[PDB]
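K.L.:
One structure follows; several queries about it will come next.
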Amino acid sequence: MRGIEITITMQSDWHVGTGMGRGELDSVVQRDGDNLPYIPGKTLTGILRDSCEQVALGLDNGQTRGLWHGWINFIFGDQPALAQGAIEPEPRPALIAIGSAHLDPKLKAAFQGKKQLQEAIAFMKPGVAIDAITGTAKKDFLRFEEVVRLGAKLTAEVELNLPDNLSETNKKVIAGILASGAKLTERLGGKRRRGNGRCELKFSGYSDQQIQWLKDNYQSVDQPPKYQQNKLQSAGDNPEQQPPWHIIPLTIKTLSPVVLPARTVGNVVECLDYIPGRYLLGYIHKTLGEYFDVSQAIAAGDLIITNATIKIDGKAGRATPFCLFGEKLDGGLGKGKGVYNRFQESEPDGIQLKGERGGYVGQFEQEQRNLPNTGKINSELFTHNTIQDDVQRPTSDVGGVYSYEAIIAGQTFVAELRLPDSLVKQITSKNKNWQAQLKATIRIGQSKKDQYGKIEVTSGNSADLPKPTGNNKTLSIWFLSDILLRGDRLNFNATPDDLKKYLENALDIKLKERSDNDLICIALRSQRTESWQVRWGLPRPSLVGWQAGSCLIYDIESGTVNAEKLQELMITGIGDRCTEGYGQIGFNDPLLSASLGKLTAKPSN
Amino acid sequence: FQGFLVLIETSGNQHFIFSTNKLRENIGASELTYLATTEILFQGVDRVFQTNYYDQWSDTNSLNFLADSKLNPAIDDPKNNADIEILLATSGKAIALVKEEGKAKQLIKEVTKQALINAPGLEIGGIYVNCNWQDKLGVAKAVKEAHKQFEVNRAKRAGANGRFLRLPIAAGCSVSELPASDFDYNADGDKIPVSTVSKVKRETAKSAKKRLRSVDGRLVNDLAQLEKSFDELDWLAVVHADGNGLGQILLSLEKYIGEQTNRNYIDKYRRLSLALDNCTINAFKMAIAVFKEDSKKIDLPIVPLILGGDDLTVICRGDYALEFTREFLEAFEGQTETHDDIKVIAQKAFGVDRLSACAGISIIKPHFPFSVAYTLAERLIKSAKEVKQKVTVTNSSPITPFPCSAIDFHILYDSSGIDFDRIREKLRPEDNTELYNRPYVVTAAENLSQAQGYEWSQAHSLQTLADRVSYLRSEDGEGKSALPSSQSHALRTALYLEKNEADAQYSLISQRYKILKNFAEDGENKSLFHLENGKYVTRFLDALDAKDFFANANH
Amino acid sequence: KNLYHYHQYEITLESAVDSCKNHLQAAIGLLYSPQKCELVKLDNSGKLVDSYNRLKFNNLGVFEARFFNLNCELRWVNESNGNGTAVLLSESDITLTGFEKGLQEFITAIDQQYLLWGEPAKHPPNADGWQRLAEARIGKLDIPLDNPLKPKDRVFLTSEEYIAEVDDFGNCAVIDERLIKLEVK
Amino acid sequence: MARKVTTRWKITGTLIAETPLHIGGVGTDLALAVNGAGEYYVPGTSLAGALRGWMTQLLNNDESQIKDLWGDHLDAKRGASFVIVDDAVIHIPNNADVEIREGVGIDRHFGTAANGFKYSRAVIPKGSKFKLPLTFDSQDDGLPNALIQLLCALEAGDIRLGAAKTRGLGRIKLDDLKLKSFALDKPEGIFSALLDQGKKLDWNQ
């Protein structure tokens, strides 16, 4: 149940803070991707949660734990970070997703291009401490806070993912609580107790009728129902996979910031610069799981969803090859000059080189005579707190504040769903328009219920399959995705001779290292992936391998390389967990074959 | 006579030292990195060669013991027979010469195995190359080959990521991405699960106060009070500094040693390395005069993580990092001027007695990821090193950089970006305009006058920023600020406008607040921008941001 | 000093367990399925009470398994349709039908610990030889442990990392880690 | 749970300027505090410090009693204020506007206007009204003495607000004081908070 909104009307000047100032300002407000003030969904949940907990205390007659407090842990989810000891039940998620509150889209459209007005939405408020003895302004306690002008009407998208078996009376309890907690909210943001942030918070379609029903009925409520996961189901009735493959392009646009955990390290989560294919799996289940047994396809390898990487040249951006090197002072792909492919080019006389690492490159062809276009993903650090409820402040800076990197909104990513003709025939027989069903707005990743994760997915016309050139002189390999390989003891591993063995087995050839000294043959980096498994309820095993961008080139020592088999590997991937986009590989790519040292990059309402 | 050159080197110092935001572990990881190529090397050398390098070091508590080759035998003298000579030991690198291939390999096994046992998560490797001592420059050739072959292995080496792997039923570390392995305490005192990696770092933080005791007794004494104090500060800084010119020397050192004999290369190489450690630590003692002294605070608000040679890496209080690094870089140049072990090589390389260093400074909230902050300090020092292209020795062929210290910094305000390219892109409101004028040259205008790019260095002089910050901080005769915050903020807004709108606003405000004439940059006294390489650039936004970060305390 | 490893191919999980059962006696298993990560214990004979149904692949079934006891560890991962590679690790030289023996020299092995999720639950499960840890973060975790957990006990999975030369230059690494047993500390 | 509140007190009335008033804003002394609508207002930070300042003089700087009402960022037991002070728009009466006070220092030797000592100040005129905009969260079944003393001081006109307190300005008096009680510990009081506008207290008692 998305389509509920909260409206916040700001009735006094207001300050969602950033925990810091800037320059001449001692406190600055949070601004969205349009540089406009907004209330983050994490702030909005926290204020609304706090007020439903005020209502719960009254209904529980001051009992801090009880029936009605359990209803808050039902509606808003448990708070496992605060619980200690052997809590046996799995932590309940929220039933309510609350978005960020933004200004009306036409008003934000008017602000586009008008940087002076964008600043004018806020003004400086002075603050000064007075010496209690001398009664004078205590200098260096003079302070300027940015506050946003009152009158702002902000609106957040709300989704109530109520349990599908939930009793109609319990529906009215949830509606009653939320209406009641919304009503009791009077303040949000910084300096609430000194008159900032006075507001009205109203749900669409919750009124005093929902309040009055609870007042009439609260004495005969009970505990909310127990939480259980939606389990997978499998029929096993899928047809065996048959070629051809179909490649269905998926365009992902970020609509909110999206947190895609690279590493979780104390109170900070770092974010990837791509969307892993595993985040789209729940969308694949939801949209297509009625047309074939998705879980069976995953187990058999009849499904691949690639990583969504930044769109470059209208296609998925490809992780910068580690065989590319910049001139350390004046070159590199960021400087658009002095980029050497050390698979093909000697290191220049007297010039030291830095290896390329991050970023993505566009398309390239053997005689392009321009460096490939680079793509960059914009990430921002978002900072949040927990309030200790008795003191109504964070319990310290060290353990009161936490941060997420997120991919910011407005960025575009391309994934590919690959399905064999076997399943595509089955799907098309059940629904001819099935590609129309791939258009969806979904929330993905960490903290997806709050201010994070909102993405639009769009499906494109079936892409052409990869057509690698079969060359019998050399094999070139570009890791478009992290490659996870088992060692021969099935631990995960970092031994490239195992990948050499894997390829020459998979292609039925023999490979030899490129023996020149002025050139490099191998350019790998290690990668460790520390994910969760939400259905497990437990962490995923740590997956080790090679990061995207890792490159290697071999002489073929014997045997013809089958262009049809190279194409199939370029579709299915190599190694482990290719279904979710690991193992994606580029064979004999012209960019790894080029000499590039002489090339340069191309130039309101 | 013939032998092998062993290079043993630690890599991934970022991913080891900054992989947690816990000060004891940053401190502890930095100690393990230092110990890995000293104590663990010397204990390994003692085990492999039946020597007493560890006794000589631990009695001296310094690396100078290996200078005088009656004590660190000159094994190219056959009468002073020994299997081993140490050429270099320093943080993250060591070099040794050995006459036997087996003991070369055995040394690498010994030192690398001990890091696995005593320093879990440390990425250390080694390599050996042949050393043709009958060839003059044979050592210089061996050094070059060992280094470049080391890189080719790191492009294939199995990483440290493969060992402490998460099992779905293992709990996680409180402070890192690894599974928990045992328990420690947070600063509050609460028992917390930690990794083997985190546990061993914390254990080794107890060792750092011993190392730093010889530097300054004010540096570390109560890690818990220090760690608690840091996370009560508004700002930390990750300060990273690298020597300029040292790489330009070590690319070519046999050109500058004088006599081309291996004995002279080694002797000159070792003293150059040791003297720059001495210069580093002495320049540090001078620079820490910048930090004010709190009687309550037993310790200075600075943590020297790496402190020798080219590399200085410190975490300190962030409003004192700009002055500390200026004073460090100034003190470092003066030190290198005054070591004869450096003078003659810097003279022959660059025509001046001094070397210099660039620095990158990431100024961050205490909760900001030190991993990310250090990555930015790397990109800032890479930006600071652009002096190498702009400031050059006249009539040098090939063009050579002329010893010029520089700083690049960032203060990580909330929406400022967190990666270097995004940070700077956000400061380009139009493609003709840059709201930054970086890097800032720290070398004195007098010492640059013979360089190419002297006029460039003065436009990029740090003093120009410090003056503008002084004007922002200065007061009128009322004791009100000479520029109010309201006007400073209007100028911040104006800088994002079209240049004619920005210059129009600057005209209006400077009519009213005449101190802004000193912030003009066009020389026509009518713009905050000046044209630079076809871009309009300004120092003004740097001054507004850096306003509170020039604290000093050395007046 | 050798770490012996034994490898079989195109083998189903339940067959791999049975083919190893004389060594996996009382082993803790950790089974990986799309919906569940579950601990199991083999009988002192090495069987599992629903073995076929428990180790079946075809219905959201087991794609990976690890069985470990004091002497050895079996690892299995699905290659196709529920058939896959088994590797058994043992520091003892042992005979297996069908498994190809190999070995690795290792210089030394060092003890490691992993803290398990949770504190001892307020009551153990009704099954004998099972205990319940719980943490608000994950809820319950039933573990096949026969010691009745004291309040403020913590359980650690103990392991041994084997260190060997990876390079002809003499660079060491830990080449593998074998899981041993649950231990209460 | 939230912060445990026994009774929430909405404490309201009309504060009248008994002298002119000046509360300054960032943008000599001709800038009066204006909200985002550009209306003149009393910032709740400035009213709180007036009220907190008075109580501090009352309680002989007994910091503990002050921090128990007004909060403390330092003490691990305290945190947020239990008094909320809202911002209050100033209603300047009809046919009135902001005035400007012009003045000068007088040289003590010559008895004449000292050169460089002219000053100008904008002032909200006398008789201007703004709301007393207070909320108090009680954690016990009463109302604090020092808070009752504060309300008596406000009704007495004893509290000064804004600049130039010693030199003409800042006197305010409270009228129409109303106290509304919400027993947020109890269902009847929470639903009263949601629906019924609260249990009236006679202040005169």
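K.L.:
Would you kindly derive the ³J(HN,Hα) couplings of the range B:231-245 from the backbone phi angles with the Karplus curve 6.51 cos²θ - 1.76 cosθ + 1.60 (θ = phi - 60°), listing them in order in whole Hz, with x for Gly and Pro?
P.N.:
7, 9, 5, 5, 9, 9, 10, 8, 9, 10, 10, 10, x, 6, x
K.L.:
Quickly work out the B:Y454-to-A:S531 label distance, labels modelled 7 Å from Cα along the C-beta direction, and quote it in nm with one decimal.
P.N.:
Between A:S531 and B:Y454, the simple spin-label model gives 6.2 nm.
K.L.:
Still on this model: Select from B:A180, A:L566, B:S488 the residue farthest towards the positive end of the dipole of the protein assembly as shown; place +1 on Cβ of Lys and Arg, -1 on Cβ of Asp and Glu, and compute about the Cα centre.
P.N.:
B:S488
K.L.:
Continuing with the same structure: Can you compute the FRET efficiency between B:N81 and B:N52 using 1/(1 + (r/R0)^6), with r the Cβ-Cβ distance and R0 = 22 Å? Round to the nearest 0.05.
P.N.:
Once the sixth-power term is evaluated, E becomes 0.85.
K.L.:
So, one more: Suppose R0 equals 51 Å. What FRET efficiency, 1/(1 + (r/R0)^6) with r the Cβ-Cβ distance, do A:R357 and A:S604 give to the nearest 0.05?
P.N.:
Taking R0 as 51 Å, the efficiency between A:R357 and A:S604 is 0.85.
K.L.:
Would you tell me the mean number of C-beta atoms belonging to other protein chains that fall within 10 Å of each C-beta in B:172-181, as a whole number? Provide the component values of the computation, followed by the final result.
P.N.:
Values: counts 7, 4, 2, 3, 5, 10, 5, 10, 7, 7.
If you average over the peptide's residues, the count of other-chain Cβ atoms is 6.
K.L.:
Place the peptides A:288-296, B:488-496 in order of packing, highest mean first, counting for every residue the other Cβ atoms within 10 Å and averaging per peptide.
P.N.:
Those peptides, ordered most packed to least, come out B:488-496, A:288-296.
K.L.:
How high is the relative contact order of the range B:301-431, in percent, counting Cα pairs under 8 Å that sit 6 or more residues apart?
P.N.:
The value is 20 percent.
K.L.:
Compare the peptides D:63-71, B:401-409 by average per-residue count of other Cβ atoms within 10 angstrom and give them in order, highest first. Write out the running numbers ahead of the final one.
P.N.:
Numbers: D:63-71: 16.7, B:401-409: 28.3.
Those peptides, ordered most packed to least, come out B:401-409, D:63-71.
K.L.:
For chain B, what does the equivalent ellipsoid look like in terms of its semi-axes, each the square root of 5 times an eigenvalue of the Cα gyration tensor, given largest first in whole Å?
P.N.:
In descending order, the three semi-axes are 43, 30, 20 Å.
K.L.:
Same structure, new question: Determine the shielding of peptide B:391-404 by partner chains: average, over its residues, the number of Cβ atoms on other chains within 10 angstrom of each Cβ.
P.N.:
That works out to 0 on average.
K.L.:
Please rank B:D545, B:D190, A:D397, fewest neighbouring Cβ atoms within 10 Å first, as an exposure proxy.
P.N.:
B:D190, A:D397, B:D545
K.L.:
For B:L87, enumerate residues with amide H under 5 Å from its amide H, sequence gap 5+ or separate chain, H modeled in the peptide plane.
P.N.:
Under 5 Å from the amide H of B:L87: B:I95, B:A96, B:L97.
K.L.:
Fewest first, what order do A:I4, D:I84 take by the number of other Cβ atoms within 10 Å?
P.N.:
So the ranking, lowest neighbour count to highest, is A:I4, D:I84.
K.L.:
Which whole-Hz couplings ³J(HN,Hα) result when phi for each residue of the range C:140-157 is put into the Karplus expression 6.51 cos²θ - 1.76 cosθ + 1.60, θ = phi - 60°, listed in order with x for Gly and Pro?
P.N.:
Per-residue couplings from phi come out as 5, 9, 7, 10, x, 10, 9, 5, x, 5, 5, x, 6, 5, 10, 9, 10, 7 Hz.
K.L.:
How many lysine pairs are close in the range A:122-247, with Cα atoms under 14 Å apart and the two 8 or more places apart or on different chains?
P.N.:
Eligible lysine pairs with Cα atoms under 14 Å apart amount to 5.
K.L.:
Full extension from B:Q14 to B:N132: what is 0.36 nm times the residue separation minus their Cα-Cα distance, to one decimal in nm?
P.N.:
38.9 nm
K.L.:
Tell me, for chain A, which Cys residues have no other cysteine's C-beta sitting closer than 4.7 Å.
P.N.:
A:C52, A:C199, A:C271, A:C521, A:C578
K.L.:
Here's a follow-up. Averaging sequence separations of C-alpha pairs under 8 Å and six or more residues apart, then dividing by the length of the range A:1-89, give the relative contact order as a whole percent.
P.N.:
12 percent
K.L.:
In whole Hz, with x marking every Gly and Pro, tabulate ³J(HN,Hα) for the range A:81-88 from phi via Karplus 6.51 cos²θ - 1.76 cosθ + 1.60, θ = phi - 60°.
P.N.:
Values, residue by residue: 5, 8, 5, 9, x, 7, 5, 6 Hz.
K.L.:
What is the spin-label model distance, in nm, from B:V344 to A:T412 if the labels are put 7 Å beyond Cα along the C-beta direction?
P.N.:
6.5 nm
K.L.:
Would you compute, for the Cα atoms of the range D:1-66, the largest minus smallest coordinate along each principal axis and list the three values in descending order, in whole Å?
P.N.:
So the three principal-axis extents are 43, 33, 23 Å.
K.L.:
Evaluate the charge dipole of chain A about its Cα centre and quote only its size in Debye, nearest 20, assuming +1 on the Cβ of each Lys and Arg and -1 on the Cβ of each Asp and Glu.
P.N.:
With only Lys, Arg, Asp and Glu charged at Cβ, the dipole is about 1300 debye.
K.L.:
If you take the beta carbon distance between D:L59 and D:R167 as r and set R0 to 35 Å, what does 1/(1 + (r/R0)^6) give as a FRET efficiency, to the nearest 0.05?
P.N.:
0.85
K.L.:
For B:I192, enumerate residues with amide H under 5 Å from its amide H, sequence gap 5+ or separate chain, H modeled in the peptide plane.
P.N.:
When sequence neighbours closer than 5 places are left aside, the close amide H contacts are B:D184, B:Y185, B:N186.
K.L.:
Which Cα, out of A:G277, A:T254, A:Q228, lies furthest along the positive dipole direction of the range A:193-286 (beta carbon charges, K/R +1, D/E -1)?
P.N.:
Selected residue: A:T254.
K.L.:
Beyond 27 Å, how much of the Cα-Cα pair distribution for the range A:274-412 remains, as a whole percent? Mind showing how you got there, number by number?
P.N.:
On the way: 4919 of 9591 pairs.
The answer is 51 percent, as a whole percent.
K.L.:
Which whole number gives the average, over all residues in C:155-164, of C-beta atoms from other chains lying within 10 Å of the residue C-beta?
P.N.:
3
K.L.:
Using only alpha carbon pairs under 8 Å that are at least six residues apart, calculate the relative contact order of the range B:107-209 and give it in whole percent. Intermediate values should be presented prior to the final figure.
P.N.:
Numbers: 101 pairs, mean separation 19.8, N = 103.
Relative contact order, the range B:107-209: 19 percent.
K.L.:
So who's got an amide H within less than 5 Å of the one on B:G3, skipping anything under 5 residues away but keeping other chains? H placed 1.01 Å off N, in plane.
P.N.:
B:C131, B:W133
K.L.:
OK, next. Would you compute the Debye intensity of the range B:262-314 from its alpha-carbon atoms alone, equal scatterers and no solvent, and pass along log10 I(q)/I(0) at q = 0.17, 0.23, 0.31 Å⁻¹ to two decimals?
P.N.:
Normalising to I(0) and taking log10 leaves -0.62, -0.87, -1.14.
Cβ coordinates were reconstructed from backbone atoms using ideal geometry, including for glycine residues, and neighbour counts include every protein chain displayed. FYI, it's all coordinate maths here, none of it is from the lab.
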